[PDB]
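Undergrad: got an experimental structure here, sequence first:
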Amino acid sequence: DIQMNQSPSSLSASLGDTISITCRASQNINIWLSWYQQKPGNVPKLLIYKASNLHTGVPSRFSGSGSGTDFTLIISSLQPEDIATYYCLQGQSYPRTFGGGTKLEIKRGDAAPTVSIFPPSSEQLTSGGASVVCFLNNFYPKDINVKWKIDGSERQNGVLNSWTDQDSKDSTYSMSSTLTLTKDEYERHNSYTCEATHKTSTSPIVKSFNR
Amino acid sequence: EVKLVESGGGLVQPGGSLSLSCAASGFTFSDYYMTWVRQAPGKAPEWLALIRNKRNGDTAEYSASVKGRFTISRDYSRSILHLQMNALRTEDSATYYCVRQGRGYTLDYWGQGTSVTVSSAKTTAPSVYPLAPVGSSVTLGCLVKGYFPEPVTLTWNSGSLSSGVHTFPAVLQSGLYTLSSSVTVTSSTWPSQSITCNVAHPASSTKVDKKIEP
Ligand SMILES: N[C@H]1[C@@H](O[C@H]2[C@@H](O[C@H]3[C@@H](O[C@@H]4[C@@H](O)[C@@H](O[C@@H]5[C@H](O)[C@@H](O[C@@H]6[C@H](O)[C@@H](O[C@H]7[C@@H]([C@H](O)CO)O[C@@](O)(C(=O)O)C[C@H]7O[C@]7(C(=O)O)C[C@@H](O)[C@@H](O)[C@@H]([C@H](O)CO)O7)O[C@H]([C@@H](O)CO)[C@H]6OP(=O)(O)O)O[C@H]([C@@H](O)CO[C@H]6O[C@H]([C@@H](O)CO)[C@@H](O)[C@H](O)[C@@H]6O)[C@H]5OP(=O)(O)O)O[C@H](CO[C@H]5O[C@H](CO)[C@H](O)[C@H](O)[C@H]5O)[C@H]4O)O[C@H](CO)[C@@H](O)[C@@H]3O)O[C@H](CO)[C@@H](O)[C@@H]2O)O[C@H](CO)[C@@H](O)[C@@H]1O
């Protein structure tokens, strides 16, 4: 079977940069090599086929080169919309095999999160649970941590976190954090707070409400 | 425009079977070899099968991962590509795509995909909870809990409100997903104008609308 090895696995670059991604095949594949872009939440779309030919509708900023075992995709003048994972594919032999991908991230200036806290909805409480939600929105860099406190004490168990992929317009990231308690456990305390640790502040940004 | 529309996905128990279908349009179906490719989240695509066309006998090729368990076939009367999947395992969970091979051994057009989850966890519909605030702009939310399997589709005002939204990837805990979404609008937009979370869950044939109230 032909192994397709892609390099680097991840790259962060600035808008306007030229970037160069590599795919190396373990056996000769002649020119049967295609490159795909998969924007976050989207399906893979063809960029280049037959190693160097541009697919209809694919900006001329993309180009491909190589034959035999070593292939390169170039993107000229990185644009925010280019946030994506790129994959190569050999069509020399069966099984058809893909590279493991290169994840492209766009560098941008720091942005602090906009943090919003939401107490349990009255519908949820009626049914017996109590989730408290914090959104930490439109921030950069991606690295962030959230800490929950109840009446001043750290709560760890019961916390569900989710993060978006990089936004293709403003290159920011967002996160949601949901702390779930029983209605009764919720009603035994008063102060609920989420605190975000991020590059943009030397101390946690906190949001809080008092039941 | 070339179009490939997959269907037949859903939740199946480990050990079970599923038949996917793909409706092709916008090209001469008989002139193309066709394939199925799947993708698990945060993994690269995995090619599963290719079927040739009549000249080559509609002969087929399979990946080792599915050979003997999955069968590709094609119906020229309706331009439909099929994949019969047997002996499914949890590792068989993914988005399955109908994909055309074009000239030059390229996979040139991919469908939207159909989601398949192989799990012994049961279908449950979501609870949808409105998240109203505790100057300038306001952020509202929608909390979706208690459901299985993915996907849900969440919109705001039936898709009319699409700017300023962050819909977070679903997370699984103990067999139930949680998903959430925030929407940010001018403080002059809300509550004066109506903002409603809509959550569709095809696995339970449910569509829940939740207006966010002060
Ligand atoms: N074969 C190969 C391989 O081998 C390997 C393997 O073996 C195995 C297997 O076998 C086989 C398989 O493979 C397959 O094959 C096939 C063949 O080959 C071919 O076919 C072809 C087709 O049909 C057609 O084509 C044409 C056109 C049309 O017609 C139009 O419409 O098109 C084109 O142009 C395009 O499109 O492009 C192409 C063309 O063709 C040509 C010409 O020119 O013609 C030829 C070829 O060959 C080539 O060269 C091409 C290129 O690419 C360019 O150059 O070209 O048709 C044709 C004719 O007929 C017409 O006149 C046919 O041929 P023939 O010779 O045969 O006749 O080919 C195919 C493919 O490759 C192609 O591709 C292309 O195209 C496609 C489409 O379009 C088509 O329609 C697309 O999709 C793509 O992308 C591209 O573009 C092949 O396939 P594959 O898969 O491979 O790839 O199949 C077979 C069957 O069939 C046969 O037989 C039947 C009966 O049965 C009948 O007779 C028919 O006719 C025939 O064909 C099979 O056989 O399998 C088997 C079974 O199972 C077994 O036994 C065997 O063994 O495998 C093994 C193991 O692993 C190994 O050993 C071997 O080796 O490969 C090799 C190396 O590489 C080579 O050499 C061979 O050839």
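TA: Cool, the structure landed. Numbering: from 1, shown residues only, chains lettered A, B, ... in the order given.
Undergrad: how many residues are close by whatever residue of chain B ends up closest to the ligand?
TA: Residue nearest to the ligand within chain B: residue B:56 (3.5 Å; C-beta to the nearest ligand atom). For every residue, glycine as well, the C-beta is placed using N, CA and C. Burial of residue B:56 is recorded as 10 neighbouring residues (other C-beta atoms under 10 Å in any protein chain shown).
Undergrad: for residue A:178, same thing?
TA: Residue neighbour count, defined by other C-beta under 10 Å, stands at 26 for residue A:178.
Undergrad: which residues of chain B lie near the ligand?
TA: With C-beta under 6 Å from any ligand atom as the criterion, chain B meets the ligand at residues B:31, B:33, B:52-53, B:55-57, B:59, B:101, B:103-105.
Undergrad: please identify which pair of those lies farthest apart.
TA: B:57 and B:104 (22.0 Å; C-beta to C-beta).
Undergrad: not counting its neighbours along the chain, what's nearest the residue in chain B that chain A sits nearest to?
TA: Of all residues in chain B, residue B:105 sits closest to chain A, at 2.6 Å by C-beta to the nearest C-beta. With sequence-adjacent residues excluded and distances taken as C-beta to C-beta, 6 or more residues apart in numbering or on different chains, residue B:105 is closest to residue A:91, at 2.6 Å.
Undergrad: just to check, the one you found is in contact with residue B:102?
TA: No - Residue A:91 lies out of contact with residue B:102 (C-beta atoms under 8 Å); the separation is 9.9 Å.
Undergrad: looking at those two, which is more packed in?
TA: Each of residue A:91 and residue B:102 has its neighbours counted (other C-beta under 10 Å); residue A:91 has more, 23 against 19.
Undergrad: dihedrals phi and psi, the more buried one?
TA: phi -120, psi 20 (degrees, to the nearest 10).
Undergrad: could you list the domains of the chain?
TA: Reading this off chain A. A:1-108, A:109-211 (curated CATH domains).
Undergrad: hm, I was asking about chain B
TA: Split by curated CATH domains, chain B gives B:1-121, B:122-214.
Undergrad: as TSV, these with distance to residue A:172 would be great.
TA: Shown next, in TSV, are these (distance: least, C-beta to C-beta, whole Å):
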stretch	distance to residue A:172
domain B:1-121	20
domain B:122-214	10
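Undergrad: for the one residue sitting closest to the centre of chain A, which non-adjacent residue is closest in space?
TA: Centroid check for chain A by C-alpha atoms, centre = their mean gives residue A:165 as the closest residue, at 2.8 Å. By the measure of C-beta to C-beta, 6+ apart, the closest residue to residue A:165 outside its immediate chain neighbours is residue A:40, 3.5 Å from it.
Undergrad: neighbours of that neighbour, just the number please.
TA: 14.
Undergrad: repeat for residue A:41
TA: Around residue A:41 there are 10 residues (other C-beta under 10 Å).
Undergrad: residue contacts, it?
TA: residue A:165 (C-beta atoms under 8 Å, 6 or more residues apart in numbering or on different chains).
Undergrad: please apply the same query to the one 3 residues further on.
TA: By C-beta under 8 Å, 6+ apart, the contact set of residue A:44 is A:36-38, A:87, B:39, B:45, B:110.
Undergrad: of residue B:57 and residue B:104, which one has the most company?
TA: Neighbours were counted for residue B:57 and for residue B:104 using other C-beta under 10 Å; residue B:104 has more, 15 against 9.
Undergrad: that one in helix, strand or coil?
TA: With DSSP: H, G, I helix; E, B strand; the rest coil as the basis, residue B:104 sits in coil.
Undergrad: ok so, going back, which phi and psi does the residue of chain B closest to the ligand have?
TA: Backbone torsions of residue B:56, given as degrees, to the nearest 10, read phi -100, psi 10.
Undergrad: contacting residues around it?
TA: So residue B:56 contacts nothing (C-beta under 8 Å, 6+ apart).
Undergrad: any idea how far the most centrally placed residue in chain B lies from residue B:213?
TA: With distances taken as C-alpha atoms, centre = their mean, the residue of chain B nearest its centroid is residue B:115 (4.0 Å). Residue B:115 is 33 Å from residue B:213, where distance means C-beta to C-beta, to the nearest Å.
Undergrad: next one: residue B:200
TA: Taking C-beta to C-beta, one finds residue B:200 at 22 Å from residue B:213.
Undergrad: so which of these two has more stuff around it?
TA: Each of residue B:200 and residue B:213 has its neighbours counted (other C-beta under 10 Å); residue B:200 has more, 15 against 11.
Undergrad: need the three-state assignment for residue A:6.
TA: Relying on three-state DSSP, one would call residue A:6 strand.
Undergrad: thought it was touching residue A:21?
TA: Yes - shown here, residue A:6 and residue A:21 form a contact pair, counting by C-beta under 8 Å, at 7.0 Å.
Undergrad: A helix includes residue B:55, no?
TA: Yes - membership of residue B:55 in a helix is supported by three-state DSSP.
Undergrad: can you report how many residues neighbour it?
TA: 8.
Undergrad: how near is it to residue B:105?
TA: Per C-beta to C-beta, residue B:55 is found 17 Å from residue B:105.
Undergrad: repeat for residue A:122
TA: 59 Å.
Undergrad: can you tell me how far whichever residue of chain A sits closest to the ligand is from residue B:61?
TA: Proximity of chain A to the ligand (C-beta to the nearest ligand atom) peaks at residue A:91, 6.6 Å away. Separation of residue A:91 from residue B:61 (C-beta to C-beta): 12 Å.
Undergrad: would you give the sheet partners of the host helix or strand of residue A:72, along with the direction of each?
TA: Counting by DSSP states H and E, the element that carries residue A:72 is strand A:70-75. Strand A:70-75 has these partner strands in its sheet, going by DSSP bridges: strand A:19-25 (antiparallel), strand A:62-67 (antiparallel).
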